[PDB]
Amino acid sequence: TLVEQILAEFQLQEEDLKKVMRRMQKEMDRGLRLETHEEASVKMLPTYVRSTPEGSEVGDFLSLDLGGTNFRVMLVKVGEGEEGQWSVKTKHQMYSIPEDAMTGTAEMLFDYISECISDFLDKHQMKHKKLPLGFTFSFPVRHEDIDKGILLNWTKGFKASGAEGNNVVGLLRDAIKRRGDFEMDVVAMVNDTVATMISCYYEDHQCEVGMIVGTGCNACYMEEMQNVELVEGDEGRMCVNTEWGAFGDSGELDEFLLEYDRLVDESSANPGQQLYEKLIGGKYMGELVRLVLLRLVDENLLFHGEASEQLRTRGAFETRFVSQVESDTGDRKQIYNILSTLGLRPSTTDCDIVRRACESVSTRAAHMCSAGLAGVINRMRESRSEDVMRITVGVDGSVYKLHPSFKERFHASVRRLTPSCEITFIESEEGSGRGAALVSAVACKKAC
């Protein structure tokens, strides 16, 4: 109970979720209107991907995915299916980004990318060949069009200098021609939320929302063009990138924030930014548990009040440990091994307490996230006039997919928040690469 009292600070009651949900909805309305879009914590970024596309090129596309710790390059075949296009990933390669490539400059970093792009084409006897390129770029962009937008700021710990405020598709077309080697048509830059959503479209036309819960956390959804005030027009729909990670940056979550959150935030690459994402994202989840653990050792409640050197270092409680702790079957061997690897020697009760600390943090992430998506879905409910709104959500990300109970918890809570909606969840297969291509495919019918 001294332990359980510390942990019970993580609880959220239903009315707390409803409050977060309504505030999210308010913020979303603000980012859409011209008079408030600029100060809005929830950016609601038009993406220029639009409804009833009809008219796709077929064949082969190059997909890049940048936003993970590791950059990826892959080849995707789009072709012709019934009432839409099929797609399949055929070749792939993943590339690490070195400490020096990151902390450098954007043009530096975008060379490293073009390098990897050459590297990849060499290995597949394709360097001669010229294909449309799908770019999945998982960071907030203000788009002018489907193939043009400026990065607003880096998130999830990225930090290349001289990239913020510049045209990303610009930065890439540049560096692909400090190469001469190869030439791609850069037909479409998308967010990873948008890509996952599109990657599920062929199998389910009701998929109108894309969610990521991985390193970072965010969603996009199909919005009515009359509500998209930042894009001229009233006919049809356009996907909006909510960028809901930055919910709380105007102080909307201040009553919920705990000490561990103010610490994670204060020592992050982006102090004061991405507050909501910091409650949920796998970049921050293990760190939260760490701090909760260090709190517990300080009150002398855990490890006899003695912490290891690993435990006292940032980043050392990896999010994947949280998830592995919660897969422990009851014998404590997974917990013991993780803690032992961290230079600790837990007792039976130290183990049980580490488990509970993990559950506390990841259950609050599930619930917080559930209110976000209930916000998006109930907002869209207003513009639908069926008895039950049947909607499909495409989802990706290792927190959602692999944490043993995250998705169950998430599902039940979202359902509780969204009466008269019947929500179907699809886990995306090669969301990023196959969705970037599918959209490239469609934007080709115009820019080719």
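We number the residues from 1 along the sequence you see. C-alpha atoms forming the largest set that superposes within 1.5 Å between two forms make up the rigid core.
Superposing the other copies on the rigid core and comparing 118-126 to 182-190, farther C-alpha placement in 8 other deposited structures of this protein marks 118-126.
After superposition on the rigid core, the larger root-mean-square Cα deviation in 8 other deposited structures of this protein belongs to 88-96, not to the other of 88-96 and 207-215.
Note: missing coordinates for residue 83 occur in a third or more of the other compared entries bracketing this position. Per the PDB record, of the two stretches 123-131 and 275-283, 123-131 carries the greater mean B-factor over its C-alpha atoms. Two stretches are in play, 381-389 and 399-407, and the higher mean C-alpha B-factor belongs to 381-389. Per the PDB entry, 71 shows the highest C-alpha temperature factor of the residues 202, 71, 221, 154. You'll see in the entry that, of 196, 329, 96, 323, the Cα B factor peaks at 96. Residue-level temperature factors show residue 251 in the middle third of its chain, judged at the C-alpha atom. Ranked within its chain, residue 308 lands in the highest third, by CA B factor from the PDB record. Sort the chain's modelled residues by C-alpha temperature factor and residue 149 lands in the middle third, per the entry. Sorting the modelled residues of the chain by their CA temperature factor places residue 105 in the highest third. When the CA B factors of the chain's modelled residues are split into thirds, the value for residue 314 lands in the highest one.
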